[PDB]
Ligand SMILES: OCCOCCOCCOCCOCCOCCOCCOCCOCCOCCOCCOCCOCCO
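As structure tokens, one chain now follows by itself in the form deposited without this ligand.
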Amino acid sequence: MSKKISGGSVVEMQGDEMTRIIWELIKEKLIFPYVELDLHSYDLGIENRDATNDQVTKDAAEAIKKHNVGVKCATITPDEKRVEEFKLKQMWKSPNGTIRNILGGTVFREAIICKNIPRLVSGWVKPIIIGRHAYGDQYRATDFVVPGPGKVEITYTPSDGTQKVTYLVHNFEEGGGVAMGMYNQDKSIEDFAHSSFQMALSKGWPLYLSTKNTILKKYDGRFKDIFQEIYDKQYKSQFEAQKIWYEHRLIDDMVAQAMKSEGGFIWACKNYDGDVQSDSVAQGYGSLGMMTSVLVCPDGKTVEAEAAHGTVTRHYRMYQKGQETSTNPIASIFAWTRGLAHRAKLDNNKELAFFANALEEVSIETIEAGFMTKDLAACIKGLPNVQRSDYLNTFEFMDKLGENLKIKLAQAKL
């Protein structure tokens, strides 16, 4: 167009292996040509994390907390093999954990939808954002074995020196067993609620909290009550304003309704075992290359976007041998659009906001037009039947998006 859009302040974290390659391609072909940013970029590549003794990771989280918008590229989480591969000098903790443990918030995973790409439920036309309440990786489980008869109890001792309360979870009369301890601070539940409500107002969809309060009448009921409270004291007004609404459901009714729904709703959910933050998601159904992720902070201001997958090592290896690759960039691309979309919102930057949207529509439109990477072509035909003529390589795809983006932005000039 004319002058690049003044995007504002954004925090960018560079990553590793395959994602680092496509990441640079995204900035070079889809972001920089149209937006000027006051970039606070930190190199979270493994060699740099090692070199700075992981100091860069903290600095990145610090930066996000302060500039509110963070976009992250996938990073290698060291294990024995990695320690050996790069001669690391210590097994560095996952940077995703370090970041999440400093900013707090709830992660919401979404799978971009395309009409010509199969969904678990054909009827799903609009996406389904899902945020699971989970402790960070800094959480340590409290489970033991119990070898033989005896009683197991759970106890609460007020710190003000008042009557101690004991409960008796189970008395093992014969044989042994196994037992767990679990907890949740009200604050965490509030945060969970806040991040959930906001998320729904930004997207413009109805929120649904699923719990199993029928069984955990006090545990889960706690979530239910705290949601309603926060929903009435604040939010409800805006939900009605935006034609949206909040509402509770028993995990059993959700999974059923969800199966008969067309989609388009925020699904916050508390599971029996609870969950713990992890880097990976779970292959499952649908291409990981289409799985977005967003760490939404309680304050309504801070947000960190990233793809749901990892660095895609296998793909990288081939790229390292000069082999042709076909890595999906949608998930990474959406990390940028969601970040810029949030940015534009905090600053009432109409232009940037339009840009953010445009890039997503072009991403989706490009695929629905028949242009896609191998992973998607395989969702349509199945690995065995997929031919090369069925897809584009990593670079050809990036090139197609950029072309279509150029067309999209020109057409909007009217």
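Don't overthink the numbering: it's just position in the shown sequence, from 1.
Mean CA B-factor, 404-412 versus 2-10: the higher value falls on 2-10.
Averaged over Cα atoms, the B-factor as recorded in the entry is higher for 240-248 than for the other of 240-248 and 173-181.
For the set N116, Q283, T327, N96, the PDB entry assigns the largest Cα B-factor to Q283.
Taking the PDB entry at face value, the top CA B factor among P127, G104, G221, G339 belongs to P127. Annotation for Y135: CA B-factor lies in the highest third of the chain's modelled residues. When the modelled residues of the chain are ordered by their C-alpha B factor, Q90 lands in the middle third. Sort the chain's modelled residues by C-alpha temperature factor and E306 lands in the lowest third, per the entry. In this PDB entry, the Cα temperature factor of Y167 sits in the middle third of its chain's modelled residues.
Annotation for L209: CA B-factor lies in the middle third of the chain's modelled residues.
In what follows, reference is made to the form deposited with this ligand bound, a form of this protein that is not presented.
Within 4.5 Å of any heavy atom of this ligand in the deposited complex lies no heavy atom of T166.
Although the partner is absent here, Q14 lies within 4.5 Å of this ligand in the deposited complex, judged by heavy atoms. Taking the partner from the other structure, this ligand in the deposited complex has no heavy atom within 4.5 Å of any heavy atom of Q185. Taking the partner from the other structure, this ligand in the deposited complex has no heavy atom within 4.5 Å of any heavy atom of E403.
Note that among 343-351, 25-33, 56-64, 360-368, the stretch whose heavy atoms approach this ligand to within 4.5 Å in the deposited complex is 25-33. The candidate site formed by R20, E47 and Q320 is fully in contact with this ligand in the deposited complex, as each residue has a non-hydrogen atom within 4.5 angstroms of it.
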